[PDB]
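Asks: Sequence and experimental coordinates follow.
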Amino acid sequence: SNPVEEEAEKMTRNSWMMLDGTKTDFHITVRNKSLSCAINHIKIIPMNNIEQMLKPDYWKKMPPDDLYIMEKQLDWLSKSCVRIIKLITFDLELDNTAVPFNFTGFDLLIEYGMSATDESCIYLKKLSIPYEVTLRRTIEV
């Protein structure tokens with residue numbers, strides 16, 4: 001047998017406009033039992049996944065049936081932006097959920113943060129945070 005040492009390592013409804021969020025959560029026992037933060041993350045805006053999905057899917061405009069986007073976009077029916085913090089509660093974590101460029105049949109952003117201050121450990125205990133939101137559409141042409 002060969003072991004080594006055990007290491008010491010809200011459903012918002014935004015109506016097609018800008019918004020905000022705030023996250024200060026004490027699910028951060030991943031280095032020395034939730035002492036403090038490694039380094040900050042001052043209000044990271046999440047709208048870039050659905051920007052670079054909702055732009056080129058309707059800028060496909062090649063033959064759309066052969067699916068050069070060949071993998072299924074069932075995991076792109078949410079957003080799941082990420083904030084992997086560097087080497088108590090969550091110090092700074094805000095996100096401007098801007099629905100002003102968004103689809104009409106999506107639900108959430110399962111936002112996963114790699115909580116560890118673990119220098120190249122390949123170990124980082126990533127805890128995910130959901131939203132389970134709903135969109136009330138205001139206008140169509």
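Replies: Sure thing, it's come through. Residues are numbered from 1 along each chain as shown.
Asks: Which residue ranges of this protein form strands?
Replies: 13-14, 111-114, 126-129, 134-135 (DSSP state E).
Asks: elements contacting the first one?
Replies: Contacts defined by 3 or more C-beta pairs under 8 Å, 6 or more residues apart in numbering; DSSP states H and E place strand 13-14 against strand 134-135. C-betas here are computed from N, CA, C, even on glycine.
Asks: One more: the second one?
Replies: For strand 111-114, the packing partners by 3+ C-beta pairs under 8 Å, 6+ apart come out as strand 126-129.
Asks: Pull the CA coordinates from the strand it packs on and hand them back as CSV.
Replies: What follows is strand 126-129, C-alpha atoms only, in CSV (Å, rounded to 0.1, in the frame of the first residue of the first chain):
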residue,chain,number,x,y,z
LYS,A,126,-14.1,24.3,-7.3
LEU,A,127,-17.5,25.0,-5.8
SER,A,128,-20.3,26.0,-8.2
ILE,A,129,-22.9,28.7,-7.7
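Asks: helices or strands up against that strand?
Replies: Judged by 3+ C-beta pairs under 8 Å, 6+ apart, strand 126-129 is in contact with strand 111-114.
Asks: Quick one: distance of the strand it packs on to the chain centre.
Replies: 6 Å (C-alpha atoms, centre = their mean, to the nearest Å).
Asks: now what about that strand, what contacts it?
Replies: Around strand 111-114, the neighbours that count as contacts under C-beta atoms under 8 Å, 6 or more residues apart in numbering are 46, 79-85, 90, 93, 95, 124-131.
Asks: Let's see that with 6 Å instead.
Replies: The contact list for strand 111-114 (C-beta atoms under 6 Å, 6 or more residues apart in numbering) reads 81, 82, 83, 84, 124, 126, 128, 129.
Asks: In contact with the last one, which residues?
Replies: For residue 129, the contacting residues are residue 111, taking C-beta under 6 Å, 6+ apart as the criterion.
Asks: Now with 7 Å, please.
Replies: Residues near residue 129 by C-beta atoms under 7 Å, 6 or more residues apart in numbering: 23, 111, 113.
Asks: residues touching the closest residue to residue 130 other than its chain neighbours, list them.
Replies: Nearest residue to residue 130, sequence neighbours excluded (C-beta to C-beta, 6 or more residues apart in numbering): residue 110, at 5.1 Å. Residues in contact with residue 110 (C-beta under 7 Å, 6+ apart) are 78, 80, 128, 130.
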